[PDB]
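Comments concern the structure below.
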Protein chains: 6
Amino acid sequence: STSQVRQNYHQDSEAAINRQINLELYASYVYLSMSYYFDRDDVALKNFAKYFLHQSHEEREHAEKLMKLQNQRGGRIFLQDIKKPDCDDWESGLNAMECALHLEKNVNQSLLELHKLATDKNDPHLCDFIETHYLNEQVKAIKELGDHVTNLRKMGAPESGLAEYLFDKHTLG
Amino acid sequence: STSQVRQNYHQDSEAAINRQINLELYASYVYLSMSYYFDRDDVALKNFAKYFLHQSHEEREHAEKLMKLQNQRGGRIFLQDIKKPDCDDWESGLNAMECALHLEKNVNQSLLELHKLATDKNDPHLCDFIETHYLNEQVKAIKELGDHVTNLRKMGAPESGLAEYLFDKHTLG
Amino acid sequence: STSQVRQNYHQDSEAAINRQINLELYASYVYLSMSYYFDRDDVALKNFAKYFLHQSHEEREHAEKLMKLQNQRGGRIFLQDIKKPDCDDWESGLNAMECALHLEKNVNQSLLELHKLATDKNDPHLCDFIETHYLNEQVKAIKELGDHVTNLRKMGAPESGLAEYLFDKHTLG
Amino acid sequence: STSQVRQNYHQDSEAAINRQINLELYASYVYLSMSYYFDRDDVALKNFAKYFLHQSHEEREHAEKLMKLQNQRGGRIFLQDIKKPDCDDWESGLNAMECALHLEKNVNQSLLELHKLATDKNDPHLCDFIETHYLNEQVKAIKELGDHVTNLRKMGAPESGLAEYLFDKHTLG
Amino acid sequence: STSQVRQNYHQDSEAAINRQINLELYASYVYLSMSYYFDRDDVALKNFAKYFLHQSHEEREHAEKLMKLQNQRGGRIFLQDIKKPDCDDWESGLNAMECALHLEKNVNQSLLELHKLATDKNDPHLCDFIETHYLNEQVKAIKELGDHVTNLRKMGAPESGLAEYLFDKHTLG
Amino acid sequence: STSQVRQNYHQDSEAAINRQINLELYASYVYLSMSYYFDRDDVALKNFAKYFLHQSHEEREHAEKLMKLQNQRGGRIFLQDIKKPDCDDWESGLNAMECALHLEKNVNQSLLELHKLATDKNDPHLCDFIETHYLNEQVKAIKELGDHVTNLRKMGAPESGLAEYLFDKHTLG
Ligand SMILES: [Cl-]
Ligand SMILES: [Cl-]
Ligand SMILES: [Cl-]
Ligand SMILES: [Cl-]
Ligand SMILES: [Cl-]
Ligand SMILES: [Cl-]
Ligand SMILES: [Cl-]
Ligand SMILES: [Cl-]
Ligand SMILES: [Cl-]
Ligand SMILES: [Cl-]
Ligand SMILES: [Cl-]
Ligand SMILES: [Cl-]
Ligand SMILES: [Cl-]
Ligand SMILES: [Cl-]
Ligand SMILES: [Cl-]
Ligand SMILES: [Cl-]
Ligand SMILES: [Cl-]
Ligand SMILES: [Cl-]
Ligand SMILES: [Cl-]
Ligand SMILES: [Cl-]
Ligand SMILES: [Cl-]
Ligand SMILES: [Cl-]
Ligand SMILES: [Cl-]
Ligand SMILES: [Cl-]
Ligand SMILES: [Cl-]
Ligand SMILES: [Cl-]
Ligand SMILES: [Cl-]
Ligand SMILES: [Cl-]
Ligand SMILES: [Cl-]
Ligand SMILES: [Cl-]
Ligand SMILES: [Cl-]
Ligand SMILES: [Cl-]
Ligand SMILES: [Cl-]
Ligand SMILES: [Cl-]
Ligand SMILES: [Cl-]
Ligand SMILES: [Cl-]
Ligand SMILES: [Cl-]
Ligand SMILES: [Cl-]
Ligand SMILES: [Mg+2]
Ligand SMILES: [Mg+2]
Ligand SMILES: [Mg+2]
Ligand SMILES: [Mg+2]
Ligand SMILES: [Mg+2]
Ligand SMILES: [Mg+2]
Ligand SMILES: [Mg+2]
Ligand SMILES: [Mg+2]
Ligand SMILES: [Mg+2]
Ligand SMILES: [Mg+2]
Ligand SMILES: [Mg+2]
Ligand SMILES: [Mg+2]
Ligand SMILES: [Mg+2]
Ligand SMILES: [Mg+2]
Ligand SMILES: [Mg+2]
Ligand SMILES: [Mg+2]
Ligand SMILES: [Mg+2]
Ligand SMILES: [Mg+2]
Ligand SMILES: [Mg+2]
Ligand SMILES: [Mg+2]
Ligand SMILES: [Mg+2]
Ligand SMILES: [Mg+2]
Ligand SMILES: [Mg+2]
Ligand SMILES: [Mg+2]
Ligand SMILES: [Mg+2]
Ligand SMILES: [Mg+2]
Ligand SMILES: [Mg+2]
Ligand SMILES: [Mg+2]
Ligand SMILES: [Mg+2]
Ligand SMILES: [Mg+2]
Ligand SMILES: [Mg+2]
Ligand SMILES: [Mg+2]
Ligand SMILES: [Mg+2]
Ligand SMILES: [Mg+2]
Ligand SMILES: [Mg+2]
Ligand SMILES: [Mg+2]
Ligand SMILES: [Mg+2]
Ligand SMILES: [Mg+2]
Ligand SMILES: [Mg+2]
Ligand SMILES: [Mg+2]
Ligand SMILES: [Mg+2]
Ligand SMILES: [Mg+2]
Ligand SMILES: [Mg+2]
Ligand SMILES: [Mg+2]
Ligand SMILES: [Mg+2]
Ligand SMILES: [Mg+2]
Ligand SMILES: [Mg+2]
Ligand SMILES: [Mg+2]
Ligand SMILES: [Mg+2]
Ligand SMILES: [Mg+2]
Ligand SMILES: [Ru+3]
Ligand SMILES: [Ru+3]
Ligand SMILES: [Ru+3]
Ligand SMILES: [Ru+3]
Ligand SMILES: [Ru+3]
Ligand SMILES: [Ru+3]
């Protein structure tokens, strides 16, 4: 029962896109959790909260765009549970930034494995899709998180609550 | 280690709000799945797709607002996995509408159990919260879905593909 | 044959809402009658007439909103005759105001009995509905009518036709 | 005790205008009932609902204008109970339209009997009033309802739920 | 000698509202005192001063609204002395914030006792009043003060005069 | 421990300004009480109510300005309880106006004693302050209240409820 639209779209690619959909939903969920950590009355860094909420919404958009892709190509979306984040308590602004950096590196590695697969299956439409909409976004995200981690370290986080407060106001404000 | 803000907020209520957060995320996920079903090339009802996407985004907002509430009250958010939806293939516009109706009735029952709990624990702030932001939204959603199911039936869905097409254009367009 | 939308909505509540619909229509009719009393050539207080017409239209809106509620909840509207008002001739501006005060107190008592019923049947949606759209409107109406009755008395109504005339121009104008 | 304004206004005319006031209130009530039938979750034709609500409000205005007339002429308004409509359940859009057609024909017959009376009592002001504000409005209403009934029949109502749905969108939308 | 407007309004509720009026005036007075502490030449934190002045004005408004309520319901306002605040010298920005947090928790407890009373006397209008205009305002105030106390602590107040200065500029500015 | 700013500011002046702060708060409280008297359903003179509310807010501003002065000069604010007003029930519009006149004369006498003190202590800054911001405001307030009392008397208050009603509309409206 093949889709009338399907062309040059390997089953392995189809499956790999479904996995990537789950990973983008998971990254949305991590960032949601981080957001509301910083909204706790005992953490209380509102621009950290807003920053990660925005990232959360971005990752949901990234998921949606892969769902759209799956249907554009005539594959079939298969959803899996979205796992809860590894931590409930993210410790400090610095530790959350470090965790986001690791998350985005993990997501980039997935994307790079997906692009290898697409390359191996000679799917230039999928290669272009990944390159256009995902790989440079990931390089920018990683670089931004790296920059944030550096500033926080240099300022004396996580031990200086002053450092995290002023970063919240100047960089994320 | 009690929150400095916490007042008149029972542990049972705290836990019940965490459960409700998960249920709202789950409802967002159901609607996401339904949305992209209708975007499939072999279904191809774009206003059904847009309608459920909007509902999906609404449920995410409902979840966020409960997270905000949890922190406002000094409870602690505890996230759980977001289960995949029961179906991958929703059959027809009518069947998806019927499923959404059942979902929203289920969510309303949860909210009503939460309100009972709040009432039992004499938490009028929580009672007001639920009444203001959730109970009439649920009554309107249910009523809207009921109306949609009726129209679709009366028009001859799910067997008339014409019925579903014209409903898509006139009611959801 | 239960409505697909109905949930947590007791038959007693359903019936009580139908009674309240009739009472709001009746209050609209009382105010209509009062309005046109003041439009008589031998009464001739045009702002009393406009004031009660507006109240009449308000009560019709209150009825409509309860009809909407009945359907939102999946109950079935059952209409009864709208009784004529008790008086054809309302005597004076003061006496009409006094009668309106008594009418609004009667309507408030009905609403309060309805809210008791809803509370007894653990229907927080209905409780919220009544509180949001009816109970403070009734407290404001009562207070306004009380104020009007006082001013009229203090000014020397109903014996001073001058008092009623100047109240018409200054308070209702 | 005759009104200072009264002139050429027969007691029979006075009474007949009071009857007509009641009939216009009754027609408002019929249309109100029909409106909210179509707002039921198991009927769910929102432009039928809006259409009859508007008609309901129009009939209330027609009543008010006769009340105004009664006082302009120095007659005395005497109100009677507004009877509930004959049906609670109006069956279908077609059947409601048919019922409205019959209602408006009934109201027109009353108006025509009133005009005969006025003619017999040589009251040209009342004749003009009826002709100017009522008789052509009734001829237009009747003609409009006839047209609606025809279209619905021709489209295959009441058995085609599709017909009623598309009429709702195209003619009443 | 009962008020013509009074209905379903228990004497105990009446008295409890008078007590709450005094408590809101007292909270206005505390915040006034705190405001002008920060305007002292040896304290000199102008946005702390403005912040508490605004809170002071808010509490006066809360008092006024309860006075309005008392009259709306036909109770009789009975005023008592407004006690001076417990401290003349509030120590530091952090200590004032901590004191405000405790004050607002105290006021919330009063409101919650008032709502219990209203619930016990089956006064849903009063329940709604308290829920609508007071309980969520108190939850937001408490949460805001908690957040402020946290930031100040984390920044190194009250020992760091730098911390209090920069908080004044970034959070309260 | 003298303030770094303090110069030519006698301890007696400092104390006298604290007393005057209390008197201005007390006058705010009197006017608040009077305001809400006229908002009672059995008094019901809304422009009397608004008039005294505005006066109440003005007196609070006068207090604030003295607090500001105390700090400008390097004195230390010391607050005392704000006594409840002498009356709960102010009788009539005329009697309230008479009471306000006496209150403002009392406040003026205090200000004049303060100015004597400042003169005796050769504090021309304080003299100027009092003259600029308080003495002519008091002369205008007194004159205005005198005028109001006269009109009310001349119109036949407090026995004519008509007089008080029309004054409310024409002078305070
Ligand atoms: Cl293929
Ligand atoms: Cl393949
Ligand atoms: Cl799974
Ligand atoms: Cl890019
Ligand atoms: Cl970059
Ligand atoms: Cl770039
Ligand atoms: Cl608690
Ligand atoms: Cl607990
Ligand atoms: Cl889990
Ligand atoms: Cl809502
Ligand atoms: Cl609705
Ligand atoms: Cl609604
Ligand atoms: Cl039910
Ligand atoms: Cl039942
Ligand atoms: Cl009946
Ligand atoms: Cl309201
Ligand atoms: Cl009011
Ligand atoms: Cl109000
Ligand atoms: Cl006048
Ligand atoms: Cl005649
Ligand atoms: Cl005759
Ligand atoms: Cl009758
Ligand atoms: Cl016409
Ligand atoms: Cl026509
Ligand atoms: Cl025509
Ligand atoms: Cl009572
Ligand atoms: Cl009592
Ligand atoms: Cl006292
Ligand atoms: Cl609020
Ligand atoms: Cl908040
Ligand atoms: Cl909020
Ligand atoms: Cl800075
Ligand atoms: Cl000095
Ligand atoms: Cl000295
Ligand atoms: Cl004291
Ligand atoms: Cl001046
Ligand atoms: Cl002057
Ligand atoms: Cl002047
Ligand atoms: Mg926050
Ligand atoms: Mg991002
Ligand atoms: Mg992503
Ligand atoms: Mg797990
Ligand atoms: Mg962890
Ligand atoms: Mg981590
Ligand atoms: Mg690019
Ligand atoms: Mg950078
Ligand atoms: Mg598409
Ligand atoms: Mg929704
Ligand atoms: Mg929801
Ligand atoms: Mg599973
Ligand atoms: Mg299935
Ligand atoms: Mg299902
Ligand atoms: Mg309640
Ligand atoms: Mg609401
Ligand atoms: Mg609908
Ligand atoms: Mg007229
Ligand atoms: Mg009204
Ligand atoms: Mg009403
Ligand atoms: Mg009868
Ligand atoms: Mg009578
Ligand atoms: Mg009466
Ligand atoms: Mg309200
Ligand atoms: Mg009033
Ligand atoms: Mg509807
Ligand atoms: Mg019509
Ligand atoms: Mg008519
Ligand atoms: Mg009958
Ligand atoms: Mg029938
Ligand atoms: Mg019929
Ligand atoms: Mg014409
Ligand atoms: Mg036509
Ligand atoms: Mg200053
Ligand atoms: Mg506040
Ligand atoms: Mg307050
Ligand atoms: Mg003391
Ligand atoms: Mg102290
Ligand atoms: Mg303290
Ligand atoms: Mg609210
Ligand atoms: Mg905050
Ligand atoms: Mg008032
Ligand atoms: Mg003044
Ligand atoms: Mg003053
Ligand atoms: Mg005393
Ligand atoms: Mg006294
Ligand atoms: Mg006095
Ligand atoms: Mg001088
Ligand atoms: Mg001057
Ligand atoms: Mg003057
Ligand atoms: Ru690392
Ligand atoms: Ru079902
Ligand atoms: Ru009475
Ligand atoms: Ru026929
Ligand atoms: Ru504490
Ligand atoms: Ru005197």
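Residues are referred to by chain and number: the chain letter is A, B, ... according to the order shown in the structure tokens, the number counts from 1 in that chain, and ligands are numbered separately from 1 in the order shown.
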| request: Using only C-alpha atoms, determine which residues of chain B fall within 9 Å of chain C; present them as number ranges by chain. | output: B: 101, 105, 108-109, 112, 115-116, 127-128, 131-132, 135-136, 139-140, 142-146
| task | Let me have all residues with an atom within 12 Å of ligand 9, counting only C-alpha atoms and all ligand atoms, laid out as JSON, numbers by chain. | result | {"A": [81, 82, 83, 84, 85, 86, 87, 88], "B": [18, 19, 22, 78, 79, 80, 81, 82, 83]}
Within 8 Å of ligand 21, counting only C-alpha atoms and all ligand atoms, which protein or nucleic acid residues do you find, written as a short mmCIF file (atom, residue, chain, number, x, y, z; two decimals) with N, CA and C atoms, in the first residue's frame?
```
data_model
loop_
_atom_site.label_atom_id
_atom_site.label_comp_id
_atom_site.auth_asym_id
_atom_site.auth_seq_id
_atom_site.Cartn_x
_atom_site.Cartn_y
_atom_site.Cartn_z
N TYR D 9 -60.52 57.52 18.83
CA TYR D 9 -59.89 56.26 19.14
C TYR D 9 -60.95 55.40 19.90
N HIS D 10 -61.47 54.47 19.13
CA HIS D 10 -62.59 53.65 19.65
C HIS D 10 -62.13 52.66 20.70
N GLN D 11 -62.97 52.37 21.69
CA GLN D 11 -62.61 51.35 22.65
C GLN D 11 -62.32 50.02 22.06
N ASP D 12 -63.00 49.66 20.97
CA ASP D 12 -62.78 48.39 20.34
C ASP D 12 -61.31 48.36 19.75
#
```
| message | Calculated over only C-alpha atoms and all ligand atoms, which of the candidates E:55, E:65, E:121, E:39 has the smallest distance to ligand 26? | response | E:121
| said: Give me, as an MDAnalysis selection string, the set of residues whose atoms come within 9 Å of any atom of ligand 92, counting only C-alpha atoms and all ligand atoms. | reply: chainID D and resid 98:99 101:102
Kindly export the residues of the current selection with N, CA, C and O atoms, as a PDB file, in the first residue's frame.
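Contents of the output file selection.pdb:
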```pdb
ATOM      1  N   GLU D  98     -41.360  26.121   8.167  1.00  0.00           N
ATOM      2  CA  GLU D  98     -42.797  25.964   7.898  1.00  0.00           C
ATOM      3  C   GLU D  98     -43.672  26.508   9.029  1.00  0.00           C
ATOM      4  O   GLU D  98     -44.692  27.166   8.758  1.00  0.00           O
ATOM      5  N   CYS D  99     -43.296  26.226  10.268  1.00  0.00           N
ATOM      6  CA  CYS D  99     -43.987  26.743  11.379  1.00  0.00           C
ATOM      7  C   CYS D  99     -43.949  28.247  11.473  1.00  0.00           C
ATOM      8  O   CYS D  99     -44.948  28.879  11.814  1.00  0.00           O
ATOM      9  N   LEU D 101     -43.592  30.281   8.892  1.00  0.00           N
ATOM     10  CA  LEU D 101     -44.472  30.742   7.849  1.00  0.00           C
ATOM     11  C   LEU D 101     -45.915  30.791   8.300  1.00  0.00           C
ATOM     12  O   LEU D 101     -46.610  31.795   8.110  1.00  0.00           O
ATOM     13  N   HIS D 102     -46.387  29.697   8.893  1.00  0.00           N
ATOM     14  CA  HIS D 102     -47.749  29.663   9.462  1.00  0.00           C
ATOM     15  C   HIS D 102     -47.971  30.703  10.549  1.00  0.00           C
ATOM     16  O   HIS D 102     -49.026  31.378  10.609  1.00  0.00           O
TER      17      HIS D 102
END
```
| Counting only C-alpha atoms and all ligand atoms, what residues are within 7 Å of ligand 64, given as a PyMOL selection string? | chain D and resi 39-40+44+46
| Contacts with ligand 48 at most 9 Å, only C-alpha atoms and all ligand atoms counted, listed as an MDAnalysis selection string | chainID B and resid 52 54:59 104 137:138 140:142
| Non-local contacts of residue 37 in chain A (10 Å; only C-alpha atoms; under 2 positions in same chain excluded) as an MDAnalysis selection string | (chainID A and resid 31:35 39:46 48:49 52 88:93 96) or (chainID B and resid 67 71 76:77)
| message | Please identify the helix (DSSP H, G or I) residues within range 10-173 of chain D (assignment by DSSP from backbone atoms) and present them as number ranges by chain. | response | D: 11-38, 46-73, 93-120, 124-155, 161-170
| query | Of the residues F:51, F:134, F:38, F:29, which is the one nearest to residue 151 in chain C, using only C-alpha atoms? | reply | F:38
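Here CA of residue 47 in chain B is placed at a distance of 7.0 Å from CA of residue 169 in chain B.
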